[PDB]
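Below sits a lone chain in structure tokens, taken as the form deposited in one PDB entry.
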């Protein structure tokens, strides 16, 4: 049972499917139009084979449904019909920042500052609800035709939450277990501040078109991050970026999560609290797509 409010009907009763936009972590997303209002929506479709654990999709719907914040893609309901789950969400007409920068080239510092502010607002909200995105990157930060910014793809978040509940269910007998083994079963071994690091990396991505170590094998990156006194990455070109931008990167990429600032503390940072950050900056970026 995927959701108590699920619509047991064909979403094509309400929506005209327009085109496949591609896929996130899992499933496939369609652009669609409400047949009554004419409003555009995104419809994420996920197959449901007979012997499938529903807990991941359960958790994703639950996350989306209980968010009401402008910087998180709005949720409109879900459908189950002919073994396909459809999650109905806000549509963002310009796609991801990755889709955009792959045409336009690197974002300006002000554009990056605006994006980071809007993401931080989204993250502050999520973290206030004890939710963790866990997949903050350019591909999951969507832009609408108004230049507004939305966090999308809670697939990783949902998988993690499903795994945690499964680990708790099947923890087994604890009497011989070391406390650190018990602790990670119960708590998962990291917290929401992982999203702040990911935003710092995203800020570099938007500036340079790639995250740090993009050319290094992903398993090898995991080894290097855990090895030694691992040094947090930095922006490549010192002279291109302000002291405030360099500082934003330093502070977001604090190695120790005990010392890494919260989303709320980061919203007070000079880079993101400055005047003149608004959707107009992204409207200028979207103009580059035509000109």
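Between two forms, the rigid core is defined as the largest C-alpha subset superposing within 1.5 Å. Only residues modelled in both forms are compared. Positions refer to the first chain, counted from 1.
Only in words, not in the display: the form deposited in another entry, which the text now covers.
A.B. asks: Which of the listed residues (200, 122, 161, 138) moves its Cα by 2 Å or more between the shown form and the other one when the core is kept in place?
C.D. replies: With the rigid core fitted, the residue that moves is 161.
A.B. asks: Given a superposition on the rigid core, I'd like a yes or no on whether residue 53 shifts its C-alpha by 2 Å or more between the shown form and the other one.
C.D. replies: Passes the 2 Å threshold, so yes.
A.B. asks: Would you say whether residue 103 is displaced between the shown form and the other one, judging by a C-alpha shift of 2 Å or more on the superposed rigid core?
C.D. replies: Comparing the forms between the shown form and the other one, which are aligned on their rigid core, residue 103 does not shift its C-alpha by 2 Å or more.
A.B. asks: After the core is matched up, is the C-alpha of residue 185 off by 2 Å or more between the shown form and the other one?
C.D. replies: Moves: yes, 2 Å or greater.
A.B. asks: Considering a change of 3 Å or more, are the Cα atoms of residue 187 and residue 134 closer or farther in the other entry than here?
C.D. replies: Those two alpha carbons end up closer in the other entry.
A.B. asks: Residue 187 to residue 201, Cα distance in the other entry relative to here: closer or farther, by 3 Å or more?
C.D. replies: Relative to this form, closer in the other entry.
A.B. asks: So if I superpose on the core and keep residues found in both forms, which blocks of at least 3 in a row have all their CA atoms moved by 2 Å or more between the shown form and the other one?
C.D. replies: Shifted runs of three or more residues, which all move 2 Å or more: 23-26, 52-64, 154-189.
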